[PDB]
file entry.pdb (PDB, N, CA and C atoms)
ATOM      1  N   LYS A1639     -23.555  -7.544   7.459
ATOM      2  CA  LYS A1639     -23.654  -6.769   6.196
ATOM      3  C   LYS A1639     -22.315  -6.128   5.847
ATOM      4  N   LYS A1640     -21.751  -5.394   6.801
ATOM      5  CA  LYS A1640     -20.470  -4.724   6.601
ATOM      6  C   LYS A1640     -19.330  -5.736   6.531
ATOM      7  N   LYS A1641     -18.457  -5.567   5.540
ATOM      8  CA  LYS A1641     -17.318  -6.460   5.359
ATOM      9  C   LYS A1641     -16.192  -6.106   6.335
ATOM     10  N   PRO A1642     -15.627  -7.109   7.040
ATOM     11  CA  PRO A1642     -14.539  -6.879   7.999
ATOM     12  C   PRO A1642     -13.355  -6.158   7.365
ATOM     13  N   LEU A1643     -12.680  -5.326   8.154
ATOM     14  CA  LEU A1643     -11.533  -4.574   7.662
ATOM     15  C   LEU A1643     -10.223  -5.180   8.156
ATOM     16  N   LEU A1644     -10.323  -6.287   8.888
ATOM     17  CA  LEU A1644      -9.142  -6.962   9.419
ATOM     18  C   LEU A1644      -8.113  -7.240   8.318
ATOM     19  N   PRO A1645      -8.527  -7.855   7.187
ATOM     20  CA  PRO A1645      -7.611  -8.154   6.083
ATOM     21  C   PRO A1645      -7.260  -6.912   5.269
ATOM     22  N   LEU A1646      -8.090  -5.879   5.385
ATOM     23  CA  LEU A1646      -7.865  -4.631   4.664
ATOM     24  C   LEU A1646      -6.726  -3.833   5.294
ATOM     25  N   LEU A1647      -6.544  -3.997   6.601
ATOM     26  CA  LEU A1647      -5.486  -3.292   7.317
ATOM     27  C   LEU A1647      -4.114  -3.714   6.804
ATOM     28  N   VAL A1648      -3.923  -5.020   6.649
ATOM     29  CA  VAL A1648      -2.659  -5.555   6.161
ATOM     30  C   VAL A1648      -2.543  -5.382   4.651
ATOM     31  N   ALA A1649      -3.690  -5.309   3.979
ATOM     32  CA  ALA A1649      -3.721  -5.140   2.532
ATOM     33  C   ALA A1649      -3.069  -3.824   2.122
ATOM     34  N   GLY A1650      -3.509  -2.735   2.745
ATOM     35  CA  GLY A1650      -2.955  -1.431   2.438
ATOM     36  C   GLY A1650      -1.477  -1.339   2.763
ATOM     37  N   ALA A1651      -1.047  -2.102   3.763
ATOM     38  CA  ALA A1651       0.352  -2.107   4.171
ATOM     39  C   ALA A1651       1.243  -2.655   3.063
ATOM     40  N   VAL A1652       0.811  -3.757   2.455
ATOM     41  CA  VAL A1652       1.569  -4.382   1.377
ATOM     42  C   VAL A1652       1.706  -3.440   0.187
ATOM     43  N   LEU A1653       0.621  -2.745  -0.141
ATOM     44  CA  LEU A1653       0.622  -1.808  -1.259
ATOM     45  C   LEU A1653       1.544  -0.627  -0.977
ATOM     46  N   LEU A1654       1.769  -0.353   0.302
ATOM     47  CA  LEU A1654       2.631   0.752   0.706
ATOM     48  C   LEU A1654       4.093   0.415   0.437
ATOM     49  N   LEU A1655       4.455  -0.845   0.646
ATOM     50  CA  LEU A1655       5.827  -1.289   0.434
ATOM     51  C   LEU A1655       6.089  -1.665  -1.025
ATOM     52  N   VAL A1656       5.081  -2.216  -1.694
ATOM     53  CA  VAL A1656       5.234  -2.637  -3.085
ATOM     54  C   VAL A1656       4.998  -1.500  -4.091
ATOM     55  N   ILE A1657       3.871  -0.798  -3.964
ATOM     56  CA  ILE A1657       3.528   0.280  -4.893
ATOM     57  C   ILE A1657       4.194   1.612  -4.543
ATOM     58  N   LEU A1658       3.885   2.145  -3.364
ATOM     59  CA  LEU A1658       4.432   3.432  -2.933
ATOM     60  C   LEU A1658       5.954   3.476  -3.068
ATOM     61  N   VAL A1659       6.625   2.439  -2.580
ATOM     62  CA  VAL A1659       8.083   2.374  -2.645
ATOM     63  C   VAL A1659       8.577   2.293  -4.088
ATOM     64  N   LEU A1660       7.732   1.789  -4.979
ATOM     65  CA  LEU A1660       8.098   1.664  -6.386
ATOM     66  C   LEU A1660       8.303   3.042  -7.015
ATOM     67  N   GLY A1661       7.534   4.021  -6.551
ATOM     68  CA  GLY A1661       7.637   5.367  -7.088
ATOM     69  C   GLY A1661       8.777   6.168  -6.482
ATOM     70  N   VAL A1662       9.291   5.717  -5.342
ATOM     71  CA  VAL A1662      10.389   6.418  -4.678
ATOM     72  C   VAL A1662      11.685   6.278  -5.468
ATOM     73  N   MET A1663      11.783   5.211  -6.253
ATOM     74  CA  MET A1663      12.971   4.969  -7.063
ATOM     75  C   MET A1663      13.157   6.080  -8.089
ATOM     76  N   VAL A1664      12.060   6.477  -8.721
ATOM     77  CA  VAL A1664      12.093   7.534  -9.723
ATOM     78  C   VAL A1664      12.027   8.910  -9.066
ATOM     79  N   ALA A1665      11.397   8.970  -7.895
ATOM     80  CA  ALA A1665      11.263  10.223  -7.162
ATOM     81  C   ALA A1665      12.612  10.696  -6.632
ATOM     82  N   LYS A1666      13.229   9.876  -5.787
ATOM     83  CA  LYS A1666      14.527  10.206  -5.209
ATOM     84  C   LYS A1666      15.560  10.488  -6.298
ATOM     85  N   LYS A1667      15.485   9.733  -7.389
ATOM     86  CA  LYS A1667      16.416   9.898  -8.502
ATOM     87  C   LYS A1667      16.195  11.231  -9.213
ATOM     88  N   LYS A1668      14.964  11.730  -9.159
ATOM     89  CA  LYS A1668      14.622  12.995  -9.803
ATOM     90  C   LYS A1668      15.458  14.139  -9.235
TER      91      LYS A1668
END
call {"tool": "encode", "arguments": {"input": "entry.pdb", "output": "C-alpha cells"}}
result
Amino acid sequence: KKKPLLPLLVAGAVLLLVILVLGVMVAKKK
C-alpha cells in the first residue's frame, strides 16, 4: 500500500541542487 521512498530520497536531493541553489544566486547577491 505504502509507496517506497527509495526514489524520493534522491528526488529531494536533486531539487536541493537545482531549486534551492537557484535562490542562492539572488540571496548572496542581496
call {"tool": "select_by_dssp", "arguments": {"input": "entry.pdb", "residues": "chain A", "states": "helix (DSSP H, G or I)", "output": "CSV table (one decimal) with N, CA and C atoms, keeping the file's coordinate frame"}}
result
chain,number,residue,atom,x,y,z
A,1644,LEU,N,-10.3,-6.3,8.9
A,1644,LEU,CA,-9.1,-7.0,9.4
A,1644,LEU,C,-8.1,-7.2,8.3
A,1645,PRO,N,-8.5,-7.9,7.2
A,1645,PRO,CA,-7.6,-8.2,6.1
A,1645,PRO,C,-7.3,-6.9,5.3
A,1646,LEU,N,-8.1,-5.9,5.4
A,1646,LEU,CA,-7.9,-4.6,4.7
A,1646,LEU,C,-6.7,-3.8,5.3
A,1647,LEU,N,-6.5,-4.0,6.6
A,1647,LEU,CA,-5.5,-3.3,7.3
A,1647,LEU,C,-4.1,-3.7,6.8
A,1648,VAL,N,-3.9,-5.0,6.6
A,1648,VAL,CA,-2.7,-5.6,6.2
A,1648,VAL,C,-2.5,-5.4,4.7
A,1649,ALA,N,-3.7,-5.3,4.0
A,1649,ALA,CA,-3.7,-5.1,2.5
A,1649,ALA,C,-3.1,-3.8,2.1
A,1650,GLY,N,-3.5,-2.7,2.7
A,1650,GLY,CA,-3.0,-1.4,2.4
A,1650,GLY,C,-1.5,-1.3,2.8
A,1651,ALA,N,-1.0,-2.1,3.8
A,1651,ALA,CA,0.4,-2.1,4.2
A,1651,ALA,C,1.2,-2.7,3.1
A,1652,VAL,N,0.8,-3.8,2.5
A,1652,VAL,CA,1.6,-4.4,1.4
A,1652,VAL,C,1.7,-3.4,0.2
A,1653,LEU,N,0.6,-2.7,-0.1
A,1653,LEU,CA,0.6,-1.8,-1.3
A,1653,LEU,C,1.5,-0.6,-1.0
A,1654,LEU,N,1.8,-0.4,0.3
A,1654,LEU,CA,2.6,0.8,0.7
A,1654,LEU,C,4.1,0.4,0.4
A,1655,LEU,N,4.5,-0.8,0.6
A,1655,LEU,CA,5.8,-1.3,0.4
A,1655,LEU,C,6.1,-1.7,-1.0
A,1656,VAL,N,5.1,-2.2,-1.7
A,1656,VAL,CA,5.2,-2.6,-3.1
A,1656,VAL,C,5.0,-1.5,-4.1
A,1657,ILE,N,3.9,-0.8,-4.0
A,1657,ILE,CA,3.5,0.3,-4.9
A,1657,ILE,C,4.2,1.6,-4.5
A,1658,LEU,N,3.9,2.1,-3.4
A,1658,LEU,CA,4.4,3.4,-2.9
A,1658,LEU,C,6.0,3.5,-3.1
A,1659,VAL,N,6.6,2.4,-2.6
A,1659,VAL,CA,8.1,2.4,-2.6
A,1659,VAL,C,8.6,2.3,-4.1
A,1660,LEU,N,7.7,1.8,-5.0
A,1660,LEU,CA,8.1,1.7,-6.4
A,1660,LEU,C,8.3,3.0,-7.0
A,1661,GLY,N,7.5,4.0,-6.6
A,1661,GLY,CA,7.6,5.4,-7.1
A,1661,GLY,C,8.8,6.2,-6.5
A,1662,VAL,N,9.3,5.7,-5.3
A,1662,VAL,CA,10.4,6.4,-4.7
A,1662,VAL,C,11.7,6.3,-5.5
A,1663,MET,N,11.8,5.2,-6.3
A,1663,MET,CA,13.0,5.0,-7.1
A,1663,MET,C,13.2,6.1,-8.1
A,1664,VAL,N,12.1,6.5,-8.7
A,1664,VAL,CA,12.1,7.5,-9.7
A,1664,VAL,C,12.0,8.9,-9.1
A,1665,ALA,N,11.4,9.0,-7.9
A,1665,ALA,CA,11.3,10.2,-7.2
A,1665,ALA,C,12.6,10.7,-6.6
A,1666,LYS,N,13.2,9.9,-5.8
A,1666,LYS,CA,14.5,10.2,-5.2
A,1666,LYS,C,15.6,10.5,-6.3
A,1667,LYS,N,15.5,9.7,-7.4
A,1667,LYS,CA,16.4,9.9,-8.5
A,1667,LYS,C,16.2,11.2,-9.2
call {"tool": "atom_distance", "arguments": {"input": "entry.pdb", "atom1": "atom C of residue 1653 of chain A", "atom2": "atom C of residue 1639 of chain A"}}
result
25.4 Å
call {"tool": "atom_distance", "arguments": {"input": "entry.pdb", "atom1": "atom CA of residue 1661 of chain A", "atom2": "atom CA of residue 1644 of chain A"}}
result
26.6 Å
call {"tool": "atom_distance", "arguments": {"input": "entry.pdb", "atom1": "atom CA of residue 1659 of chain A", "atom2": "atom N of residue 1645 of chain A"}}
result
21.8 Å
